[PDB]
Amino acid sequence: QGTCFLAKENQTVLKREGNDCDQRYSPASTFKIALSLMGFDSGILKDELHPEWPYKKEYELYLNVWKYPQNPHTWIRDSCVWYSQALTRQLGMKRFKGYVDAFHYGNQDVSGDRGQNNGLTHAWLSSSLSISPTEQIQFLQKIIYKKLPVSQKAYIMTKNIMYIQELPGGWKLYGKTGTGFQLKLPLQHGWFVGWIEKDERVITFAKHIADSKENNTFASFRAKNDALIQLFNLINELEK
Amino acid sequence: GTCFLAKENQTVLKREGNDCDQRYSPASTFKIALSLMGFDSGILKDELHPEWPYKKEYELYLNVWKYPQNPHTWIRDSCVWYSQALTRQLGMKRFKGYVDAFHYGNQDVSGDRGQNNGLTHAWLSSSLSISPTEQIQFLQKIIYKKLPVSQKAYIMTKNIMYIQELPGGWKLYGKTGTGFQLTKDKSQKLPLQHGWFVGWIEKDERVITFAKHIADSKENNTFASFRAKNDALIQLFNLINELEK
């Protein structure tokens, strides 16, 4: 149990709610933000629609939207994990670890699960890699202010495929959900992280929730839903 | 009580809850109907025109309403004063004509009891009421072009109601709205919210209209519009998973 909502504009913390803002958790599918940067920077990923890769082993697909061909745009939209894993297999562990350290991403632990030698494709899936809400903000701001050693194309294409919608006031919303499992019934924890931008202003945010009990719905969706209310409220205060 | 309806062409894919035939004020979901009237009448020109300025006589329930508004921002910001500036320009003869021709709910634009304000208040916790089932009926008339409006009215309304792309490539169009449940003769508002999220999702040639409504039995710590949309988005995701089998 415990939540966090952080919102930060440049060096200014505008909102800090909840008790968990310095607790590290697995990033789950929010790690696709970092994978996008690696994919476009390495040249494995080309643009919003290329490359398109086909699905394999459909019997292990728990969401029907994953059973179609995927490209970087659909990858983020559908949160398609198998596309992430095909990408890291192409990158290889050396380059994968190189990017994780260059991004100073959370605890930077890509060793994976014990007895599995599966860090390359599982480090971010309720496993070794762990990041706090404060550390999500730190990473996202390095994207926003282009402080990372990656190409201009990596920044632009990552931004393009993270776009979600326009919020009141014209604040454009970019971000990513992710659900992980706390380590019997499944105890979820959920993220929604990203930023909103209007004119020359960018506000980075991170929302996390940790369930104490099994739940009817994906924790990421509840985190996103709560976060959007908190962002609506913040925008109203900002526009006074 | 709640309702969730989803309909693809003539197929009712989902009908959940017990409140699907009870009429409620449309609140800001009525902006969908106003959009069609605005573009058909020519008062609204395109997604960015006309731009109208805020005036201090308008009430600022949201600070984003203090900036100039056009059809795009009107929907995005749910700007009530822009709606009222539009209906004042339309006038009652045109307004009533569209409401009746659209067969919109109870078609009652008489306004607040005793106030002669139907033109600017009928849809705001007031005389006009529509059920979730009737919202689907109205939305289907937009999708299949059964309304007496121009081709441009349909296209521009769709353009400004766009929200986002959902998993599977389903594009989401829609609008929230919150009102206050009324006493028996509508002489007073009660502190009981009710909230809507209605619209449609579209992929290739498929369109599924939907309507979500929630009626509170007691005061609530969260704005009803947000709860209705948040619940509806989860239910649409689950529906999309079925559709994509």
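Here the protein sequences come in this chain order: B and A. Quick note on numbering: the first sequence equals residues 35 to 217, 224 to 280 in the authors' numbering. Going by the authors' numbering, the first residue of the second sequence is number 36, and it counts up by one from there. Even for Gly, the Cβ is constructed at its ideal location relative to N, Cα and C.
Query                                                                                                                       : Result
Beta carbon of A:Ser118 nearer than 9 Å to that of A:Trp158                                                                 : yes
Residue-chain proximity (A:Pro202, chain B), Cβ-Cβ < 9 Å                                                                    : yes
Boundaries of the alpha helix (DSSP H) in which A:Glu277 is found, first to last residue                                    : 259-278
Beta carbon proximity, A:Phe65 to chain B, threshold 9 Å                                                                    : no
Three-state secondary structure (DSSP) of B:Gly212                                                                          : strand
Cut-off 7 Å between Cβ atoms - residues of its own chain near B:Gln35, not counting five sequence neighbours on either side : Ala250, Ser252
Cβ of A:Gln199 within 9 Å of any chain B Cβ                                                                                 : yes
Nearest neighbour of A:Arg148, chosen from A:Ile275, A:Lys224, A:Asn273 [CA to CA]                                          : A:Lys224
Straight-line Cα distance separating A:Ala68 from A:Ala136                                                                  : 11 Å
Straight-line gap, B:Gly140 to B:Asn151 (C-alpha atoms, nearest Å)                                                          : 20 Å
Assumed close pair A:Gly203, A:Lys238 - CB separation to whole angstroms, cut-off 8 Å                                       : 7 Å
For B:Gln104, the three-state DSSP class (helix, strand or coil)                                                            : strand
Buried or exposed (CB count within 10 angstroms, at least 16 for buried), B:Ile171                                          : buried
Spatial distance of B:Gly234 from B:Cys38 (CA atoms)                                                                        : 14 Å
Where the alpha helix (DSSP H) containing B:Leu125 begins and where it ends                                                 : 115-125
Neighbour flag for B:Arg111 against chain A, beta carbons, 9 Å                                                              : yes
Other residues of its chain near B:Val242: CB distance less than 6 Å, five sequence neighbours each side excluded           : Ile178, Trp235
9 Å Cβ cutoff met for B:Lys42 and B:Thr192                                                                                  : no
Proximity to B:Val115 [Cα-Cα], best of B:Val134, B:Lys131, B:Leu95                                                          : B:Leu95
Beta-carbon neighbours of A:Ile269, restricted to chain B and to distances below 7 Å                                        : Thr257, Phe261
Within chain A, partners of B:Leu97 - CB distance below 8 Å                                                                 : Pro202, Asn276
Own chain residues within Cβ distance below 6 Å of B:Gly214, not counting five before or after                              : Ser60, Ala62, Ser160, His229
Collapsed DSSP secondary structure at A:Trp109 in the structure displayed                                                   : helix
C-beta atoms of B:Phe261 and A:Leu268 nearer than 9 Å                                                                       : yes
Alpha-carbon to alpha-carbon, B:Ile275 and A:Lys206                                                                         : 25 Å
Whole-Å CB distance - A:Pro106 paired with A:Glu82, under 8 Å assumed                                                       : 6 Å
For B:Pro226, the nearest candidate out of B:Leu79, B:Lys101, B:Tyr133, B:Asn256 (CA to CA)                                 : B:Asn256
Contact with chain B by A:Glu279, beta-carbon distance below 9 Å                                                            : yes
Separation of A:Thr122 from A:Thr155, as counted between CA atoms                                                           : 6 Å
Residue environment, A:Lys66, which counts as buried when at least 16 other CB atoms sit within 10 Å                        : buried
Neighbouring residues, chain B, relative to A:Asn105 (Cβ below 7 Å)                                                         : What A:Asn105 touches in chain B: nothing, since even the nearest Cβ is about 11 Å away.
Contact with chain B by A:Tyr102, beta-carbon distance below 9 Å                                                            : yes
Local conformation of B:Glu254 per DSSP, three classes                                                                      : coil
Nearest to A:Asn44 (by Cα), restricted to the options A:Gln199, A:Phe258, A:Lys280, A:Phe173                                : A:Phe173
C-beta neighbour in chain A for B:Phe272, strict 9 Å                                                                        : yes
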